[PDB]
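Source file: target.pdb; contents: PDB, C-alpha atoms.
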```pdb
ATOM      1  CA  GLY W  51       0.000   0.000   0.000  1.00  0.00           C
ATOM      2  CA  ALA W  52       2.702   2.483  -0.963  1.00  0.00           C
ATOM      3  CA  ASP W  53       2.545   4.758  -3.981  1.00  0.00           C
ATOM      4  CA  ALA W  54       5.259   4.840  -6.620  1.00  0.00           C
ATOM      5  CA  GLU W  55       6.819   8.029  -5.253  1.00  0.00           C
ATOM      6  CA  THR W  56       7.041   6.607  -1.733  1.00  0.00           C
ATOM      7  CA  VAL W  57       8.665   3.407  -2.987  1.00  0.00           C
ATOM      8  CA  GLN W  58      11.414   5.219  -4.875  1.00  0.00           C
ATOM      9  CA  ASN W  59      12.310   7.431  -1.923  1.00  0.00           C
ATOM     10  CA  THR W  60      12.068   4.849   0.841  1.00  0.00           C
ATOM     11  CA  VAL W  61      13.398   1.534  -0.539  1.00  0.00           C
ATOM     12  CA  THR W  62      14.864   1.847  -4.038  1.00  0.00           C
ATOM     13  CA  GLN W  63      17.067   4.849  -3.277  1.00  0.00           C
ATOM     14  CA  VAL W  64      18.367   3.226  -0.098  1.00  0.00           C
ATOM     15  CA  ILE W  65      19.116  -0.095  -1.793  1.00  0.00           C
ATOM     16  CA  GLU W  66      20.756   1.457  -4.854  1.00  0.00           C
ATOM     17  CA  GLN W  67      23.049   3.623  -2.733  1.00  0.00           C
ATOM     18  CA  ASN W  68      24.553   0.554  -1.068  1.00  0.00           C
ATOM     19  CA  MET W  69      24.645  -1.561  -4.224  1.00  0.00           C
ATOM     20  CA  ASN W  70      27.189   0.779  -5.801  1.00  0.00           C
ATOM     21  CA  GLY W  71      30.687  -0.665  -5.522  1.00  0.00           C
ATOM     22  CA  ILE W  72      30.020  -4.346  -6.204  1.00  0.00           C
ATOM     23  CA  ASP W  73      32.619  -5.965  -8.433  1.00  0.00           C
ATOM     24  CA  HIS W  74      32.040  -6.059 -12.184  1.00  0.00           C
ATOM     25  CA  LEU W  75      28.843  -4.010 -12.018  1.00  0.00           C
ATOM     26  CA  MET W  76      27.917  -2.732 -15.469  1.00  0.00           C
ATOM     27  CA  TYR W  77      24.733  -0.735 -14.840  1.00  0.00           C
ATOM     28  CA  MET W  78      21.657  -0.646 -12.619  1.00  0.00           C
ATOM     29  CA  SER W  79      17.985  -0.013 -13.231  1.00  0.00           C
ATOM     30  CA  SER W  80      14.982   0.256 -10.963  1.00  0.00           C
ATOM     31  CA  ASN W  81      11.240   0.757 -10.895  1.00  0.00           C
ATOM     32  CA  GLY W  82       8.686   1.415  -8.177  1.00  0.00           C
ATOM     33  CA  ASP W  83       5.130   0.341  -8.937  1.00  0.00           C
ATOM     34  CA  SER W  84       1.996   1.834  -7.447  1.00  0.00           C
ATOM     35  CA  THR W  85       1.451  -1.587  -5.876  1.00  0.00           C
ATOM     36  CA  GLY W  86       4.519  -0.963  -3.723  1.00  0.00           C
ATOM     37  CA  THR W  87       6.857  -3.433  -5.420  1.00  0.00           C
ATOM     38  CA  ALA W  88      10.432  -2.260  -5.956  1.00  0.00           C
ATOM     39  CA  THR W  89      12.676  -4.078  -8.424  1.00  0.00           C
ATOM     40  CA  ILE W  90      16.394  -3.291  -8.536  1.00  0.00           C
ATOM     41  CA  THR W  91      18.061  -5.004 -11.487  1.00  0.00           C
ATOM     42  CA  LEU W  92      21.864  -5.164 -11.442  1.00  0.00           C
ATOM     43  CA  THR W  93      23.564  -6.127 -14.703  1.00  0.00           C
ATOM     44  CA  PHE W  94      27.138  -7.377 -14.369  1.00  0.00           C
ATOM     45  CA  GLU W  95      29.963  -7.530 -16.881  1.00  0.00           C
ATOM     46  CA  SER W  96      29.971 -10.560 -19.147  1.00  0.00           C
ATOM     47  CA  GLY W  97      32.011 -13.449 -17.809  1.00  0.00           C
ATOM     48  CA  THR W  98      31.188 -12.670 -14.182  1.00  0.00           C
ATOM     49  CA  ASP W  99      30.272 -15.725 -12.144  1.00  0.00           C
ATOM     50  CA  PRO W 100      26.579 -15.174 -11.356  1.00  0.00           C
TER      51      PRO W 100
ATOM     52  CA  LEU E 251      -3.066  11.644  23.762  1.00  0.00           C
ATOM     53  CA  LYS E 252      -6.067  11.958  26.081  1.00  0.00           C
ATOM     54  CA  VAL E 253      -9.409  13.743  26.282  1.00  0.00           C
ATOM     55  CA  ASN E 254     -10.122  15.320  29.653  1.00  0.00           C
ATOM     56  CA  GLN E 255     -13.386  15.074  31.561  1.00  0.00           C
ATOM     57  CA  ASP E 256     -14.201  18.715  30.829  1.00  0.00           C
ATOM     58  CA  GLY E 257     -13.852  18.014  27.093  1.00  0.00           C
ATOM     59  CA  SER E 258     -10.399  19.519  26.652  1.00  0.00           C
ATOM     60  CA  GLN E 259      -7.747  17.492  24.849  1.00  0.00           C
ATOM     61  CA  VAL E 260      -4.147  16.645  25.724  1.00  0.00           C
ATOM     62  CA  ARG E 261      -1.855  17.017  22.731  1.00  0.00           C
ATOM     63  CA  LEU E 262       1.650  15.590  22.567  1.00  0.00           C
ATOM     64  CA  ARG E 263       3.222  19.053  22.581  1.00  0.00           C
ATOM     65  CA  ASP E 264       1.605  19.664  25.960  1.00  0.00           C
ATOM     66  CA  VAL E 265       3.641  16.936  27.684  1.00  0.00           C
ATOM     67  CA  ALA E 266       6.780  16.713  25.559  1.00  0.00           C
ATOM     68  CA  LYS E 267       9.250  18.729  23.517  1.00  0.00           C
ATOM     69  CA  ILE E 268       9.324  17.649  19.873  1.00  0.00           C
ATOM     70  CA  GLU E 269      12.237  18.584  17.631  1.00  0.00           C
ATOM     71  CA  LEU E 270      14.569  17.100  15.047  1.00  0.00           C
ATOM     72  CA  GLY E 271      17.742  15.649  16.521  1.00  0.00           C
ATOM     73  CA  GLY E 272      20.339  12.984  15.998  1.00  0.00           C
ATOM     74  CA  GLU E 273      19.752   9.290  16.467  1.00  0.00           C
ATOM     75  CA  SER E 274      22.563   9.042  19.019  1.00  0.00           C
ATOM     76  CA  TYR E 275      24.338  11.621  21.168  1.00  0.00           C
ATOM     77  CA  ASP E 276      27.005   9.282  22.541  1.00  0.00           C
ATOM     78  CA  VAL E 277      29.647  10.367  20.015  1.00  0.00           C
ATOM     79  CA  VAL E 278      30.527  14.051  19.612  1.00  0.00           C
ATOM     80  CA  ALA E 279      32.985  14.740  16.801  1.00  0.00           C
ATOM     81  CA  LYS E 280      34.856  18.032  16.486  1.00  0.00           C
ATOM     82  CA  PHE E 281      37.411  19.118  13.892  1.00  0.00           C
ATOM     83  CA  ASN E 282      39.770  21.800  15.232  1.00  0.00           C
ATOM     84  CA  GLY E 283      37.171  22.548  17.881  1.00  0.00           C
ATOM     85  CA  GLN E 284      34.410  23.093  15.306  1.00  0.00           C
ATOM     86  CA  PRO E 285      31.408  20.757  14.991  1.00  0.00           C
ATOM     87  CA  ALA E 286      32.019  18.165  12.327  1.00  0.00           C
ATOM     88  CA  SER E 287      30.825  14.914  10.819  1.00  0.00           C
ATOM     89  CA  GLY E 288      32.755  12.652   8.492  1.00  0.00           C
ATOM     90  CA  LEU E 289      32.136   9.765   6.133  1.00  0.00           C
ATOM     91  CA  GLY E 290      34.688   6.998   5.689  1.00  0.00           C
ATOM     92  CA  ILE E 291      35.458   5.625   2.237  1.00  0.00           C
ATOM     93  CA  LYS E 292      36.802   2.130   1.625  1.00  0.00           C
ATOM     94  CA  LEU E 293      38.572   1.222  -1.593  1.00  0.00           C
ATOM     95  CA  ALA E 294      36.785  -1.150  -3.932  1.00  0.00           C
ATOM     96  CA  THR E 295      38.558  -4.386  -4.764  1.00  0.00           C
ATOM     97  CA  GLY E 296      40.950  -4.098  -7.680  1.00  0.00           C
ATOM     98  CA  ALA E 297      40.671  -0.322  -7.943  1.00  0.00           C
ATOM     99  CA  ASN E 298      43.501   2.171  -8.334  1.00  0.00           C
ATOM    100  CA  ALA E 299      43.712   3.907  -4.962  1.00  0.00           C
ATOM    101  CA  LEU E 300      45.208   7.071  -6.448  1.00  0.00           C
TER     102      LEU E 300
END
```
Spell out the structure here as structure tokens.
Amino acid sequence: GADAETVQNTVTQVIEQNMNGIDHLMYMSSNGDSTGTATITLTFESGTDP
Amino acid sequence: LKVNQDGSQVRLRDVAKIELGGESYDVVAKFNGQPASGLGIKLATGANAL
């Protein structure tokens, strides 16, 4: 029961801030739905052991 | 907080002092006698320190 704006400020921003610095991180993307779901997708450089 | 018998109401401000403050006051950091706060940076693995 959180709007999209609340999700971005409360969870996604906090998670993304810490995720920076992982090895072989290529780029990140995120989305906060009106349903409250937050999805942080981290794409790593090719050849990285998943 | 409470509704009195006479019909008056007890707000939080009436019994407490509300203001923004730090989470913890145990640690007081000063730089050259001036108030200060710092953030520590750790080097990422396999990254040129310089």
Could you tell me which of E:282, E:274, E:295, E:287 comes closest to chain W if we count only C-alpha atoms? E:295
Taking all atoms listed in the file into account, find every residue of chain E that has an atom no more than 12 Å from chain W, and write it out as a PyMOL selection string. chain E and resi 291-297
For a test of reading the model, state the distance in Å between atom CA of residue W:89 and atom CA of residue W:57, rounded to one decimal.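 Straight-line distance from atom CA of residue W:89 to atom CA of residue W:57 works out to 10.1 Å.
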Near-residue W:58 list (6 Å; only C-alpha atoms; drop same-chain fewer than 4 positions) as a ChimeraX atom specification: /W:62-63,82
So which residues get picked by the PyMOL selection byres ((chain W and resi 84) around 6) here, written as an MDAnalysis selection string? chainID W and resid 53:54 83 85:86
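If only C-alpha atoms are the atoms counted, then among W:67, W:59, W:91, W:96 the closest residue to residue W:79 is W:91.
Atom CA of residue W:94 to atom CA of residue W:74 spans 5.5 Å [interatomic distance, one decimal].
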Atom CA of residue E:266 to atom CA of residue E:253: how many Å, to one decimal?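 Straight-line distance from atom CA of residue E:266 to atom CA of residue E:253 works out to 16.5 Å.
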Considering all atoms listed in the file, return as a VMD selection string whatever protein or nucleic-acid residues lie within 10 Å of residue W:92, sequence-local ones (same chain, fewer than 4 positions apart) excluded. chain W and resid 66 69 to 70 72 75 to 80
For the selection you just gave me, I'd like the residues written to a file as a PDB file, in the frame of the given file, keeping C-alpha atoms.
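Everything below was put into part_29.pdb:
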```pdb
ATOM      1  CA  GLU W  66      20.756   1.457  -4.854  1.00  0.00           C
ATOM      2  CA  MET W  69      24.645  -1.561  -4.224  1.00  0.00           C
ATOM      3  CA  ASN W  70      27.189   0.779  -5.801  1.00  0.00           C
ATOM      4  CA  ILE W  72      30.020  -4.346  -6.204  1.00  0.00           C
ATOM      5  CA  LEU W  75      28.843  -4.010 -12.018  1.00  0.00           C
ATOM      6  CA  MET W  76      27.917  -2.732 -15.469  1.00  0.00           C
ATOM      7  CA  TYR W  77      24.733  -0.735 -14.840  1.00  0.00           C
ATOM      8  CA  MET W  78      21.657  -0.646 -12.619  1.00  0.00           C
ATOM      9  CA  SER W  79      17.985  -0.013 -13.231  1.00  0.00           C
ATOM     10  CA  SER W  80      14.982   0.256 -10.963  1.00  0.00           C
TER      11      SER W  80
END
```
Output the residue selection produced by the PyMOL selection byres ((chain E and resi 251) around 8) on the file above, formatted as a PyMOL selection string. chain E and resi 252-253+259-262
If you take every atom of stretch 53-64 of chain W that the file lists and fit an axis-aligned box around them with 3 Å extra on each side, what centre and edge lengths come out in Å to one decimal, as lines of an AutoDock Vina configuration file?
```
center_x = 10.5
center_y = 4.8
center_z = -2.9
size_x = 21.8
size_y = 12.5
size_z = 13.5
```
